[PDB]
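Chemist:
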Amino acid sequence: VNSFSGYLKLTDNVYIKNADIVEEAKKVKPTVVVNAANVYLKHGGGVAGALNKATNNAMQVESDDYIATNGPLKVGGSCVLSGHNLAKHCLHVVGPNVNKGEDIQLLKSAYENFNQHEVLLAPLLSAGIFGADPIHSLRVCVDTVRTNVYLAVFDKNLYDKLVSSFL
Ligand SMILES: NC(=O)c1ccc(O)cc1
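Quick note on numbering: the sequence shown equals residues 3 to 169 in the authors' numbering.
Put into structure tokens, the structure is as follows:
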């Protein structure tokens, strides 16, 4: 049993809810929240901007030190950093950004990072301002992630379309 409430069960391991990923983390304090990161960990907008704002910019300060030491992530890659006031840990995952011309085949590699964690609160990778089709992102998630993933879909309209089109 875990603390996640109000989710629709899609598969053995994938759950979905209409929720802003920022308010859900604050309520649940999950072990792992996933950030929709870029390779520079520049948390300007989208999910990353919202998560970072909720940490009062502490996520960005920690991230800048991580990049100064390690250099940029890979598209499809990840790093584990603090969850600050939102979670124990934040798994910063880089899905391909279609609005930068990145290979959508890298979305499966991105979701493979989730398998290193038994339970996660996450957004749909490469959705929103990353430009991918969220229906596709959900299909890759279901077909790639084997650990227990709780997806927060911000758009009520999109949430309803994802559920009603799910195979
Ligand atoms: N909380 C927000 O402002 C936000 C922004 C983009 C998303 O994809 C999800 C949430």
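All C-beta atoms in this analysis are idealised placements derived from N, C-alpha and C, irrespective of residue type, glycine included.
Does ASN115 come out as helix, strand or coil in the three-state DSSP assignment?
Modeler: Counted from its first residue, the sequence shown places residue 115 at position 113. Of the three classes helix, strand and coil, the one that applies to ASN115 here is helix, per DSSP.
Chemist: What does the alpha-carbon distance come out to for the pair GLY85 and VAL34?
Modeler: Residue mapping note: residue 85 aligns to position 83 of the sequence shown, counting from 1. Residue mapping note: residue 34 aligns to position 32 of the sequence shown, counting from 1. Going by the C-alpha atoms only, they are around 7 Å apart.
Chemist: Starting from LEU83, follow the beta strand (DSSP E) in both directions and report where the run begins and ends.
Modeler: To locate residue 83, count along the sequence shown from 1; it is residue 81. 80-84 is the extent of the beta strand (DSSP E) around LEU83.
Chemist: Residues bridged to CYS92 by DSSP?
Modeler: Within the sequence shown, residue 92 is the residue found at index 90, counting from 1. According to DSSP, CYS92 bridges with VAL35 and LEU83.
Chemist: Give a yes or no on contact between the region 79-94 and the region 11-22, applying the rule of three or more CB pairs nearer than 8 Å.
Modeler: With a cut-off of 8 Å, the region 11-22 and the region 79-94 do not count as touching, because too few Cβ pairs lie within range.
Chemist: With a threshold of 7 Å on Cβ separation, who are the neighbours of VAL142 within its own chain once the five nearest residues in sequence on each side are excluded?
Modeler: On the sequence shown, position 140 is the one that residue 142 refers to. The residues are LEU109, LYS110 and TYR113.
Chemist: Does the beta-carbon of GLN107 have 16 or more other beta-carbons within 10 angstroms, so that it is buried, or is it exposed?
Modeler: Against the sequence shown, residue 107 aligns to sequence position 105. Label assigned to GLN107: exposed.
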